[PDB]
Amino acid sequence: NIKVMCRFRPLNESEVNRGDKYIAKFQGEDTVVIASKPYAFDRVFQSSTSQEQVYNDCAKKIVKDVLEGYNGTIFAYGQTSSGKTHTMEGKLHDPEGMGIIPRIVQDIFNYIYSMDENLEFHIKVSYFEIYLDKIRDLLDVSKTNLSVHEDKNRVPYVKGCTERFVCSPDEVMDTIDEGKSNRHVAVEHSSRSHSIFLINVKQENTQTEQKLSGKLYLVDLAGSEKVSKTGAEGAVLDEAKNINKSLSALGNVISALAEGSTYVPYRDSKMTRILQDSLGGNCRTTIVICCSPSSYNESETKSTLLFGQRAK
Amino acid sequence: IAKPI
Amino acid sequence: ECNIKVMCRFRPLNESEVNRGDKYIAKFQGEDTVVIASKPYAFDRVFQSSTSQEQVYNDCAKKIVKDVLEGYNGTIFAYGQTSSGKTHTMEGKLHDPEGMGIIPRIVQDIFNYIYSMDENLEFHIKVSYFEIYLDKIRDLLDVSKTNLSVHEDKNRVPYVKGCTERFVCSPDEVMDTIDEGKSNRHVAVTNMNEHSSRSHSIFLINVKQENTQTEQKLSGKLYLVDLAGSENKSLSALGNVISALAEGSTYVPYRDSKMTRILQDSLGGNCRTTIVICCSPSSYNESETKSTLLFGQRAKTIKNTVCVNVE
Amino acid sequence: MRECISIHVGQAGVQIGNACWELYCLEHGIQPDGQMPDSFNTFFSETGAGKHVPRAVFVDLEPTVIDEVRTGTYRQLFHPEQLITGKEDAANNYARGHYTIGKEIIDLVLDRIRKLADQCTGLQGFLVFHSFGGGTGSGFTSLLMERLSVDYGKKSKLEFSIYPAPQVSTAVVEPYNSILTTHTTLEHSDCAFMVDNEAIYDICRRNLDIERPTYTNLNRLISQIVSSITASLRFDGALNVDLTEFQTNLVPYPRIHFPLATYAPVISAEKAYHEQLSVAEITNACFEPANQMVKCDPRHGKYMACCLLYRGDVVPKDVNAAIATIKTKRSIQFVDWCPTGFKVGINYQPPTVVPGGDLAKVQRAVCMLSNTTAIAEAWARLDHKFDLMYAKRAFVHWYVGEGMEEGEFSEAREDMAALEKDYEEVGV
Amino acid sequence: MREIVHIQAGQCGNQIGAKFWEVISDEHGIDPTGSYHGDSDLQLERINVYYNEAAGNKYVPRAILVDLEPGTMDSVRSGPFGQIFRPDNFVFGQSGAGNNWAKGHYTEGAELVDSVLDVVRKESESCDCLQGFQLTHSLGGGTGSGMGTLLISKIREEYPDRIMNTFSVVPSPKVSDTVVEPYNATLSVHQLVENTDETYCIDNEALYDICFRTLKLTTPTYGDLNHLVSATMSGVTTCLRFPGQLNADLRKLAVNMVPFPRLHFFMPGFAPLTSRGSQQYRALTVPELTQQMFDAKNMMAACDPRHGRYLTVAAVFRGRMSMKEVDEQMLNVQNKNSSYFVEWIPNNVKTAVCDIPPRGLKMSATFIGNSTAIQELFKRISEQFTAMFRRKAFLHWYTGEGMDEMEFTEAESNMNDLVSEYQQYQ
Ligand SMILES: CC(=O)O[C@H]1C(=O)[C@@]2(C)[C@H]([C@H](OC(=O)c3ccccc3)[C@]3(O)C[C@H](OC(=O)[C@H](O)[C@@H](NC(=O)c4ccccc4)c4ccccc4)C(C)=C1C3(C)C)[C@]1(OC(C)=O)CO[C@@H]1C[C@@H]2O
Ligand SMILES: Nc1nc2c(ncn2[C@@H]2O[C@H](COP(=O)(O)OP(=O)(O)OP(=O)(O)O)[C@@H](O)[C@H]2O)c(=O)[nH]1
Ligand SMILES: Nc1nc2c(ncn2[C@@H]2O[C@H](COP(=O)(O)OP(=O)(O)O)[C@@H](O)[C@H]2O)c(=O)[nH]1
Ligand SMILES: Nc1ncnc2c1ncn2[C@@H]1O[C@H](COP(=O)(O)OP(=O)(O)O)[C@@H](O)[C@H]1O
Ligand SMILES: Nc1ncnc2c1ncn2[C@@H]1O[C@H](COP(=O)(O)OP(=O)(O)O)[C@@H](O)[C@H]1O
Ligand SMILES: [Mg+2]
Ligand SMILES: [Mg+2]
């Protein structure tokens with residue numbers, strides 16, 4: 001089923017001197033009210049919550065499902081300086097300062113480090129981005145206009161995508177850094193393209209000769225932008241148009257899945273086309289939206305809250 | 001060439 | 001019914017045979033017929049003392065590489081006394097492109113073929129370094145796993161259990177693995193020379209090639225084994241089994257020692273058999289030369305049955 | 001002096017302006033070429049050689065109708081730089097008229113307006129003509145209104161809009177544009193008059209005895225109402241009233257500023273005779289539910305303030321008698337907190353006929369501007385249409401495809417609901 | 001100022017476009033040699049939409065003709081109005097298409113797409129404000145479907161924010177001339193449903209039925225069908241070159257008529273249509289035209305509108321008429337036939353009125369519909385494809401040019417997804 005999580009952050013020192021104030025008021029642990037308008041979610045975190053609680057309440061079940069022949073998907077949506085990088089990567093070394101991806105890879109390795117020697121596992125990694133409705137490869141700059149097809153069992157995939165092997169989490173972190181060093185980011189570090197990361201974990205039973213394949217999807221959603229209040233010109237305008245249209249299409253797909261409608265518009269955008277296998281049915285997907293409570297950023301906070309609420 | 005774990 | 005190839009490479013004389021005053025009795029009546037003690041000794045292809053490792057590799061190891069690429073197990077075995085030319089034939093000088101023995105040339109050719117075809121096939125490569133010393137099993141990859149037991153499978157062919165498995169993707173990994181094996185061989189061992197002349201080193205390579213679309217399964221086992229000096233329980237078993245097989249009487253006693261069961265696959269089992277006995281033309285070693293020649297020619301009477309490992 | 005700046009944006013506004021300027025040129029006796037063979041400075045400026053240039057700016061994103069103006073019968077009147085034209089129309093998209101295509105001629109129109117405003121001494125207000133539902137009339141108007149509010153601000157702004165009808169409609173995505181523009185019209189405007197096609201169609205059917213109306217008749221009626229409004233600034237008479245007194249008499253609270261207009265007596269040439277057309281009859285007929293130009297019956301609501309603008313041969317005794325007769329009635333109910341709910345204006349200038357028109361030469365006419373609580377039903381119907389169409393999110397990919405977020409629709413809906421709640425709560 | 005680039009690919013497309021150009025030149029009053037002999041200023045006011053200026057008051061159309069055989073080219077060039085086209089815009093090959101989608105789209109079309117794209121680019125950079133692209137082809141052919149699809153993909157790649165409208169002739173159940181038609185139809189729909197802003201579905205069966213029943217014709221040839229198609233194509237975009245009370249561009253029609261990105265398939269129409277000897281007994285009014293337009297036997301697609309509900313209807317009138325009449329008719333048509341329209345979309349019909357009627361009439365109208373009944377045409381095509389794909393019949397010709405079965409499977413899946421989308425709202 002669909003799970004939508006929202007996280008808030010404590011005000012930084014760089015804005016306390018300007019005298020901003022909290023806008024969000026909490027009720028229980030599942031509702032946040034801004035300007036006397038309730039917003040019901042699945043779970044809301046506060047500033048005092050640590051990373052481990054978020055990981056245990058948002059990622060552990062999906063991480064377990066991947067290693068047992070099933071599939072799952074995790075998104076991440078927010079504006080600049082809203083908590084995206086802290087809740088996703090954070091400090092890549094600290095046992096208490098790591099985000100969600102390092103804990104995911106740590107568990108995905110420490111489970112393999114315990115299942116005897118009668119089982120063999122394989123790990124695959126791919127990293128492709130979506131830019132101007134054209135799929136580019138972050139691990140091979142030669143490829144720039146890859147395509148999407150289907151195999152015999154009509155489960156989509158992207159052909160020509162570079163797919164290397166890994167054996168230790170350090171290699172995973174290194175390839176993550178290399179992939180991030182090729183994305184499109186405007187001038188403080190404003191992302192302008194969606195990113196997709198794939199961890200393929202498959203097991204082959206040496207004795208029983210049974211093969212189980214499981215997939216985990218990591219998606220970093222770019223931020224929707226109200227153009228009229230910014231004054232974008234030229235390429236930035238095209239980027240904003242594409243990002244807004246893609247986010248609207250994804251919202252439509254998720255709403256159609258949640259409401260249990262007969263037809264789900266899986267073929268309205270590239271992003272939903274790729275993730276058709278690990279989105280609906282017996283697939284568990286969790287979405288995390290990060291927001292800032294400072295009154296300086298109330299409008300974008302409301303935009304993020306509305307996008308999260310669209311799923312229901 | 002593969003590199004299984 | 002694949003044939004057993006018996007290969008005879010001669011070596012230059014060492015210092016002790018000159019000190020005895022050896023004469024160059026052996027003469028090549030052709031490249032396969034040789035005369036010692038005024039007696040002919042014909043093999044498949046006899047190499048001279050001046051024969052290079054490159055020439056021996058070109059003449060011998062190509063077919064076994066092709067077979068293991070096809071799916072048939074292959075065996076390369078080295079025999080002789082101490083200072084007969086076994087280890088130097090096996091590796092020689094690995095960093096030297098000329099003196100590199102069977103192992104570096106085989107690795108280079110395997111990687112060349114892999115880089116050449118690179119079709120819609122997947123290859124998984126694993127290596128295990130093994131040793132036998134006074135009938136003691138010890139893996140150098142992990143020192144603690146000693147006194148291991150060789151077990152049996154559904155096909156009832158012997159295999160070692162407990163030996164550490166290490167995948168390889170590039171030749172430098174093979175070189176580092178060999179270096180680590182030798183370094184561990186330097187640990188808990190008093191003298192490398194006496195251990196080499198009184199123990200046995202086993203090099204194992206396994207390959208699993210599978211097509212992506214048709215999904216056919218092809219596997220092959222490669223054995224690279226060097227034994228101790230022929231100048232003993234292991235040698236008693238080897239002599240008895242080779243003489244019985246040449247005579248074709250009773251059976252081959254495999255439970256005499258572990259190396260016998262291990263070589264069951266190599267000798268008479270489901271694996272292509274090809275041995276390269278290293279001989280010396282010295283009269284100081286005319287006894288051991290005669291023993292080696294008789295062993296090889298007796299083994300040449302045996303032909304093996306081998307099937308492709310496809311599942 | 002007393003001057004106003006006219007802006008016509010979109011096709012509907014441009015054609016309404018065509019009718020309005022025809023009427024004004026007829027009223028002041030100016031030939032189309034601008035030569036006449038002092039009660040005219042409000043809508044024109046002298047050039048020193050006998051030519052007169054009207055104070056109007058024509059803006060459109062499509063070169064079709066402005067090209068009709070450039071080559072029609074009024075090509076020698078307007079200033080060539082007043083008529084401003086783009087390349088591609090809004091295509092019924094709010095975003096295309098707002099930002100995507102708007103940010104290419106808005107600076108030019110701002111410069112033209114500044115050039116016109118510098119030339120006028122006593123600026124009185126703006127008269128913007130646009131339409132609800134179209135891309136240009138709903139999106140491009142918002143940008144211009146925001147820029148004018150930022151620049152000028154204190155000057156009064158009046159708008160005349162064509163509102164969507166209950167059943168008759170032309171476009172398919174009209175509710176979205178109407179909701180967005182009616183959100184934008186509450187922050188910057190001061191008194192917006194709204195009309196619709198269906199009520200004018202019925203008015204033409206009954207009173208004028210015409211069964212096949214077109215757009216020209218509607219434009220003529222709207223121009224007549226605007227001229228009736230501006231007559232007090234143009235000419236002289238007892239009990240005159242200008243814009244600021246209009247706004248201080250007709251707008252009780254800062255948000256209740258959405259009146260509806262009415263004209264009387266709309267009669268034909270054959271029915272011009274056989275009727276007295278007295279002051280009492282004219283006054284009584286203007287409160288009928290069948291003469292309102294917005295499809296909302298005043299009976300299901302209560303008035304707050306209605307200002308009557310008599311023009312022609314009018315004597316105040318008759319006006320007082322008519323007001324007393326209106327007050328003693330029972331069908332129309334006033335709010336208890338407004339004991340005096342009538343504003344009276346009289347002028348000495350009778351209405352002017354246009355040649356080849358359906359209107360008749362009468363000696364007197366009135367224009368009642370009232371803001372009752374009955375205007376909420378049209379907004380209710382439009383909101384219902386919007387929510388029904390937006391439940392499935394149809395035609396939304398076009399709007400979000402031009403750099404527009406999904407939150408604007410919900411925000412505008414919330415603002416409209418707040419407006420309806422405020423209107424109802426102040427009604428009681 | 002809002003220019004249009006026209007491309008004709010295949011025999012059917014070439015002949016349809018030739019008839020269309022003759023009709024357009026007659027409407028604007030242009031002699032075959034390219035001189036202007038009109039009788040009004042409104043004709044020359046907006047002549048830049050389809051024509052380019054030349055020395056000595058001569059006009060040449062902005063049209064490009066592409067084919068893989070040199071027979072249709074010099075069949076057109078020797079025709080009544082072949083003297084007006086630009087000679088350098090003729091791009092053609094020598095090897096016939098062979099009724100092979102794979103050949104035209106991969107082998108013999110990849111060696112000629114470069115020249116066609118070059119001449120398109122040279123024509124597209126001489127305009128002031130490009131509006132869109134027009135393409136005429138037929139889905140069941142070999143060069144038509146493949147070449148048009150390749151050109152559409154390339155142009156949508158180069159120009160990403162322009163309207164692409166194509167007028168494609170669709171295969172019919174009971175009228176067919178090719179044995180491998182369903183394969184071509186499906187392989188063309190696979191790309192048309194993705195890289196087209198609005199496409200119009202026409203079939204020969206409905207045109208034959210129109211000629212037989214309404215016009216009472218004796219022996220209808222291809223000329224009458226091409227002429228009807230030219231009439232509706234001319235009536236589609238009359239608001240770009242003539243004034244009117246309500247003006248509707250191409251993008252305005254696209255915004256009003258397309259609720260969701262995939263559903264952009266339309267069935268055109270026209271009115272009035274009477275036989276000679278019966279026009280003197282007909283009253284020409286708005287109600288009569290409205291009744292004729294919404295008749296199930298007047299559409300140019302062999303799908304019964306009664307087996308479905310209209311999503312959006314656009315009706316462009318031409319002539320002098322009252323607006324109240326049009327509004328009242330478009331309201332009472334919906335109210336009287338409520339069960340034939342989508343319930344949750346108010347005002348399913350859009351009105352556009354222009355004040356320049358076609359020569360020789362007083363009133364004319366074009367009907368552009370978007371109904372769920374278009375699913376059954378795709379149903380028939382898909383059933384034929386499934387029947388002929390189990391045995392892999394006639395498949396070694398396509399796989400002999402560099403294709404795969406997975407392409408066929410993907411195209412079938414996409415068409416099934418489209419059918420599922422249309423059925424959902426019924
Ligand atoms: C005396 C009179 O009024 O004659 C009419 C006529 O009788 C009818 C039957 C015409 C006639 O049309 C046909 O018979 C016909 C033939 C082939 C294909 C399609 C139609 C007419 O030929 C066609 C002709 O149409 C035009 O003149 C339009 O401008 C039309 N022109 C052409 O198609 C055209 C033909 C030849 C050369 C150049 C142009 C047009 C329509 C849409 C867009 C542009 C142009 C008209 C009104 C008539 C005749 C002459 C009998 C009809 O057709 C049209 C297109 O108007 C058939 O049903 C209508 C109703 C008309 O009343
Ligand atoms: N009174 C009157 N109303 C009109 C006229 N033309 C259009 N309308 C109304 O205006 C609405 C359509 O908006 P338009 O003004 O034509 O569109 P636009 O502002 O030009 O915007 P775009 O054409 O989309 O760029 C409908 O409600 C019409 O009924 C007219 O000439 N007179
Ligand atoms: N209206 C019309 N249809 C045609 C004409 N010629 C062929 N067709 C139709 O087009 C389809 C055949 O495709 P065609 O264009 O001849 O093949 P191509 O030359 O390879 O593109 C069939 O459905 C024919 O009925 C024509 O001149 N006019
Ligand atoms: N949950 C949190 N607790 C404490 N600090 C946080 C939290 N989330 C974000 N921050 C602080 O915000 C700073 C910048 O946020 P960042 O993740 O970089 O946002 P962005 O990636 O949008 O710039 C970090 O230095 C981090 O210290
Ligand atoms: N073919 C040869 N050419 C030159 N030197 C050789 C040759 N074969 C053996 N030797 C040298 O003789 C010495 C002993 O040989 P080695 O291979 O270690 O004997 P074994 O392994 O049979 O005990 C080594 O220095 C070796 O390099
Ligand atoms: Mg040795
Ligand atoms: Mg317009």
# chains A, B, ... in the order shown; residues from 1 in each chain; ligands from 1

$ residues_around --residues "residue 28 (chain D)" --least-positions-apart "3" --cutoff "7 Å" --atoms "only C-alpha atoms" --output "mmCIF file with N, CA and C atoms, in the first residue's frame"
data_model
loop_
_atom_site.group_PDB
_atom_site.id
_atom_site.type_symbol
_atom_site.label_atom_id
_atom_site.label_comp_id
_atom_site.auth_asym_id
_atom_site.auth_seq_id
_atom_site.Cartn_x
_atom_site.Cartn_y
_atom_site.Cartn_z
ATOM 1 N N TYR D 24 -19.128 57.307 -28.435
ATOM 2 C CA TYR D 24 -18.567 58.573 -27.960
ATOM 3 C C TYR D 24 -18.363 59.555 -29.105
ATOM 4 N N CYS D 25 -17.806 59.081 -30.224
ATOM 5 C CA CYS D 25 -17.607 59.955 -31.373
ATOM 6 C C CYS D 25 -18.934 60.501 -31.877
ATOM 7 N N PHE D 40 -15.294 67.581 -23.900
ATOM 8 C CA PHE D 40 -14.730 66.477 -24.661
ATOM 9 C C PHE D 40 -13.332 66.086 -24.216
#

$ residues_near_ligand --ligand "ligand 5" --cutoff "10 Å" --atoms "only C-alpha atoms and all ligand atoms" --output "number ranges by chain"
C: 9-15, 47-53, 78-93, 99, 193-194, 196-198, 226-230, 277-280

$ residues_around --residues "region 229-238 of chain D" --least-positions-apart "4" --cutoff "8 Å" --atoms "only C-alpha atoms" --output "PDB file with C-alpha atoms, in the first residue's frame"
ATOM      1  CA  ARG D   2     -11.361  65.061 -15.484  1.00  0.00           C
ATOM      2  CA  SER D  39     -16.981  68.647 -22.468  1.00  0.00           C
ATOM      3  CA  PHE D  40     -14.730  66.477 -24.661  1.00  0.00           C
ATOM      4  CA  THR D  42     -12.291  63.510 -20.780  1.00  0.00           C
ATOM      5  CA  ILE D 225     -24.209  51.622 -19.824  1.00  0.00           C
ATOM      6  CA  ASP D 242     -18.110  61.499 -10.016  1.00  0.00           C
ATOM      7  CA  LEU D 309     -28.206  57.794 -12.735  1.00  0.00           C
ATOM      8  CA  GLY D 345     -28.042  61.599 -10.096  1.00  0.00           C
ATOM      9  CA  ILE D 346     -29.555  63.779 -12.807  1.00  0.00           C
ATOM     10  CA  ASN D 347     -28.022  65.136 -16.016  1.00  0.00           C
ATOM     11  CA  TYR D 348     -29.136  67.489 -18.784  1.00  0.00           C
ATOM     12  CA  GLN D 349     -27.794  65.391 -21.682  1.00  0.00           C
ATOM     13  CA  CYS D 367     -28.955  53.261 -15.201  1.00  0.00           C
TER      14      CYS D 367
END

$ residues_near_ligand --ligand "ligand 1" --cutoff "8 Å" --atoms "only C-alpha atoms and all ligand atoms" --output "ChimeraX atom specification"
/E:22-27,215,223-228,230-235,271-276,279,358-361,364

$ residues_near_ligand --ligand "ligand 4" --cutoff "7 Å" --atoms "only C-alpha atoms and all ligand atoms" --output "ChimeraX atom specification"
/A:8-10,47,79-87,189

$ write_last_selection --atoms "N, CA, C and O atoms" --output "tab-separated table (two decimals), in the first residue's frame"
chain	number	residue	atom	x	y	z
A	8	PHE	N	9.96	17.37	9.27
A	8	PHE	CA	10.34	18.76	9.52
A	8	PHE	C	11.74	18.82	10.12
A	8	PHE	O	12.31	17.80	10.52
A	9	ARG	N	12.28	20.02	10.18
A	9	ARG	CA	13.64	20.27	10.64
A	9	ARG	C	13.64	21.44	11.61
A	9	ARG	O	12.73	22.27	11.60
A	10	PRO	N	14.65	21.53	12.47
A	10	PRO	CA	14.77	22.70	13.34
A	10	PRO	C	15.45	23.86	12.63
A	10	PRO	O	16.32	23.68	11.77
A	47	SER	N	11.52	17.88	14.92
A	47	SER	CA	12.93	18.23	14.94
A	47	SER	C	13.74	17.31	15.85
A	47	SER	O	14.90	17.01	15.55
A	79	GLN	N	12.12	21.08	-1.45
A	79	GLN	CA	12.76	22.26	-2.01
A	79	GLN	C	14.18	22.37	-1.48
A	79	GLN	O	14.65	21.56	-0.68
A	80	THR	N	14.90	23.39	-1.95
A	80	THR	CA	16.26	23.61	-1.51
A	80	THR	C	16.30	23.94	-0.02
A	80	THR	O	15.45	24.67	0.49
A	81	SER	N	17.30	23.39	0.67
A	81	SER	CA	17.49	23.60	2.11
A	81	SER	C	16.24	23.20	2.89
A	81	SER	O	15.85	23.86	3.86
A	82	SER	N	15.61	22.10	2.48
A	82	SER	CA	14.46	21.57	3.19
A	82	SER	C	14.75	20.27	3.92
A	82	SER	O	13.89	19.78	4.65
A	83	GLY	N	15.94	19.69	3.74
A	83	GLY	CA	16.31	18.49	4.45
A	83	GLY	C	16.54	17.28	3.57
A	83	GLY	O	16.75	16.17	4.08
A	84	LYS	N	16.58	17.52	2.26
A	84	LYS	CA	16.67	16.41	1.30
A	84	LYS	C	18.00	15.68	1.47
A	84	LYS	O	17.98	14.46	1.67
A	85	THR	N	19.09	16.41	1.41
A	85	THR	CA	20.41	15.79	1.47
A	85	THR	C	20.69	15.21	2.85
A	85	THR	O	21.31	14.15	2.97
A	86	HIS	N	20.24	15.89	3.90
A	86	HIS	CA	20.45	15.38	5.25
A	86	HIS	C	19.69	14.07	5.47
A	86	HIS	O	20.22	13.14	6.08
A	87	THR	N	18.44	13.99	5.00
A	87	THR	CA	17.66	12.78	5.21
A	87	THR	C	17.99	11.68	4.22
A	87	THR	O	17.55	10.54	4.42
A	189	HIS	N	23.37	25.01	-5.38
A	189	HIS	CA	23.20	23.60	-5.72
A	189	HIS	C	21.72	23.26	-5.92
A	189	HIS	O	21.13	22.45	-5.20

$ residues_near_ligand --ligand "ligand 7" --cutoff "10 Å" --atoms "only C-alpha atoms and all ligand atoms" --output "list in words"
residues 9, 10, 11, 12, 14, 60, 61, 62, 63, 64, 65, 88, 89, 90, 91, 92, 134, 135, 136 and 137 of chain D; 245, 246, 247, 248, 249 and 252 of chain E

$ write_last_selection --atoms "C-alpha atoms" --output "mmCIF file, in the first residue's frame"
data_model
loop_
_atom_site.group_PDB
_atom_site.id
_atom_site.type_symbol
_atom_site.label_atom_id
_atom_site.label_comp_id
_atom_site.auth_asym_id
_atom_site.auth_seq_id
_atom_site.Cartn_x
_atom_site.Cartn_y
_atom_site.Cartn_z
ATOM 1 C CA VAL D 9 -7.522 43.616 -23.903
ATOM 2 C CA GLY D 10 -8.710 40.512 -25.728
ATOM 3 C CA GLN D 11 -11.174 40.145 -28.572
ATOM 4 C CA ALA D 12 -14.288 40.803 -26.483
ATOM 5 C CA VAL D 14 -11.612 45.185 -28.336
ATOM 6 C CA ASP D 60 -4.027 41.683 -28.043
ATOM 7 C CA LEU D 61 -1.830 38.632 -28.514
ATOM 8 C CA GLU D 62 -3.490 37.702 -31.836
ATOM 9 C CA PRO D 63 -3.157 39.949 -34.898
ATOM 10 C CA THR D 64 -6.659 39.303 -36.247
ATOM 11 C CA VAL D 65 -9.109 41.809 -34.743
ATOM 12 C CA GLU D 88 0.344 33.963 -31.066
ATOM 13 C CA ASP D 89 -2.888 34.008 -29.090
ATOM 14 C CA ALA D 90 -3.290 32.678 -25.558
ATOM 15 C CA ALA D 91 -4.999 29.508 -26.876
ATOM 16 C CA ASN D 92 -7.444 29.589 -23.943
ATOM 17 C CA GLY D 134 -10.548 33.398 -22.401
ATOM 18 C CA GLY D 135 -6.825 32.982 -21.988
ATOM 19 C CA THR D 136 -5.952 36.594 -22.782
ATOM 20 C CA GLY D 137 -8.860 38.238 -20.954
ATOM 21 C CA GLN E 245 -16.497 36.932 -34.457
ATOM 22 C CA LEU E 246 -14.870 34.000 -32.627
ATOM 23 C CA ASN E 247 -11.352 32.985 -33.670
ATOM 24 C CA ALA E 248 -9.884 29.561 -32.885
ATOM 25 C CA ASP E 249 -6.270 28.659 -33.656
ATOM 26 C CA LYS E 252 -6.937 26.539 -29.154
#

$ residues_near_ligand --ligand "ligand 3" --cutoff "6 Å" --atoms "only C-alpha atoms and all ligand atoms" --output "JSON list (two decimals) with C-alpha atoms, in the first residue's frame"
[["chain", "number", "residue", "atom", "x", "y", "z"],
["E", 10, "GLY", "CA", 2.98, 8.25, -50.38],
["E", 11, "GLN", "CA", 0.57, 7.99, -53.29],
["E", 12, "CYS", "CA", -2.61, 8.58, -51.27],
["E", 15, "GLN", "CA", -3.12, 12.88, -54.41],
["E", 97, "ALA", "CA", 8.31, 0.75, -51.19],
["E", 99, "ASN", "CA", 4.28, -2.40, -49.15],
["E", 138, "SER", "CA", -2.22, 6.52, -45.30],
["E", 140, "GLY", "CA", -2.00, 0.83, -44.60],
["E", 141, "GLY", "CA", 0.66, 1.58, -47.21],
["E", 142, "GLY", "CA", 4.37, 0.92, -47.24],
["E", 143, "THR", "CA", 6.04, 4.24, -47.98],
["E", 144, "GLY", "CA", 3.22, 6.33, -46.52],
["E", 171, "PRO", "CA", -7.79, 0.71, -43.00],
["E", 177, "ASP", "CA", -6.36, -3.77, -51.10],
["E", 222, "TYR", "CA", -10.99, 8.54, -55.86],
["E", 225, "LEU", "CA", -13.12, 11.14, -51.75],
["E", 226, "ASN", "CA", -9.97, 13.25, -52.08]]

$ decode --residues "chain B" --atoms "C-alpha atoms" --output "PDB file, in the first residue's frame"
ATOM      1  CA  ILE B   1      33.115 -11.151 -16.595  1.00  0.00           C
ATOM      2  CA  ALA B   2      30.966 -11.187 -13.458  1.00  0.00           C
ATOM      3  CA  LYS B   3      31.991 -10.562  -9.842  1.00  0.00           C
ATOM      4  CA  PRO B   4      29.603 -12.505  -7.587  1.00  0.00           C
ATOM      5  CA  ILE B   5      29.576 -12.094  -3.823  1.00  0.00           C
TER       6      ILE B   5
END
